[PDB]
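**Q** Structure below; questions to follow.
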Protein chains: 2
Amino acid sequence: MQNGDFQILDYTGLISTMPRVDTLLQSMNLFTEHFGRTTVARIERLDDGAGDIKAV
Amino acid sequence: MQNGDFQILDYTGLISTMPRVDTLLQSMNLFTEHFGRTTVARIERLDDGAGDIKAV
């Protein structure tokens, strides 16, 4: 490259940096994905157990 | 799945829970199984041993 209007300079290439991007949690694949249609979602839960049978 | 009268929503999934049932004693196989016919059973014992001899 030129310097001022009559001299020259040496060019030493570019230097670039970027910040961190952490993907440890994402990499573990813990989460699942579901694709739907509406903006309101429902969930259902069912609880079941057992009984203590006696003698007769 | 139906939301309020004039709106809808997306059903996602079902969640179910139940208390644990233990099987350790069953696994150890410490009990022998007998299939009888009546509602009464008999057991026979026969215990034997020995004594000490005195000088005469």
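In the structure tokens, chains take letters A, B, ... by order of appearance, with residues numbered from 1 within each chain and ligands from 1 in the order shown.
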Within 8 Å of chain A, which residues belong to chain B? Use only C-alpha atoms and report them as number ranges by chain.

**A** B: 8-19

**Q** So these two share a sequence; what Cα RMSD do you get laying chain A over chain B, all Cα, in order, least squares?

**A** 1.9 Å

**Q** Report as number ranges by chain: the residues of chain B with a DSSP assignment of helix (DSSP H, G or I), based on the backbone of this structure.

**A** B: 24-28

**Q** Take the residues from that selection and write them out as an mmCIF file, in the first residue's frame, keeping C-alpha atoms.

**A**
data_model
loop_
_atom_site.group_PDB
_atom_site.id
_atom_site.type_symbol
_atom_site.label_atom_id
_atom_site.label_comp_id
_atom_site.auth_asym_id
_atom_site.auth_seq_id
_atom_site.Cartn_x
_atom_site.Cartn_y
_atom_site.Cartn_z
ATOM 1 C CA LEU B 24 -35.111 -58.474 45.850
ATOM 2 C CA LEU B 25 -36.369 -61.409 47.923
ATOM 3 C CA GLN B 26 -37.985 -62.908 44.825
ATOM 4 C CA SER B 27 -34.665 -62.538 43.006
ATOM 5 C CA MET B 28 -32.655 -64.249 45.753
#

**Q** I need the residues in chain A that are strand (DSSP E or B) according to DSSP; give them as a ChimeraX atom specification.

**A** /A:2-3,7-8,41-47

**Q** Could you save those same residues with N, CA and C atoms as a CSV table (one decimal), in the first residue's frame?

**A**
chain,number,residue,atom,x,y,z
A,2,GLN,N,0.3,2.3,-0.6
A,2,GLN,CA,1.0,3.6,-0.5
A,2,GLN,C,0.9,4.3,0.8
A,3,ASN,N,1.8,5.2,1.1
A,3,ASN,CA,1.8,6.0,2.3
A,3,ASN,C,1.7,7.4,1.9
A,7,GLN,N,4.9,7.6,-0.8
A,7,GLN,CA,5.7,6.6,-0.2
A,7,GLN,C,4.9,5.3,-0.2
A,8,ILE,N,5.5,4.2,0.4
A,8,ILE,CA,4.9,2.9,0.4
A,8,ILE,C,5.0,2.3,1.8
A,41,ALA,N,-50.4,-25.0,24.3
A,41,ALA,CA,-50.1,-26.4,24.4
A,41,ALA,C,-50.6,-27.0,25.7
A,42,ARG,N,-51.1,-28.2,25.6
A,42,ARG,CA,-51.6,-28.9,26.8
A,42,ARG,C,-50.8,-30.2,27.1
A,43,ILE,N,-50.8,-30.6,28.3
A,43,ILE,CA,-50.1,-31.8,28.8
A,43,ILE,C,-51.1,-32.5,29.7
A,44,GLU,N,-50.9,-33.9,29.7
A,44,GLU,CA,-51.8,-34.7,30.5
A,44,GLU,C,-50.9,-35.6,31.4
A,45,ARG,N,-51.4,-35.9,32.6
A,45,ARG,CA,-50.7,-36.7,33.6
A,45,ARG,C,-51.6,-37.7,34.2
A,46,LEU,N,-51.1,-38.9,34.4
A,46,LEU,CA,-51.9,-40.0,34.9
A,46,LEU,C,-51.1,-40.6,36.1
A,47,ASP,N,-51.7,-40.8,37.2
A,47,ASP,CA,-51.1,-41.3,38.4
A,47,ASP,C,-51.8,-42.6,38.8

**Q** How many Å separate atom CA of residue A:33 from atom CA of residue B:6?

**A**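 So the answer is 27.8 Å.
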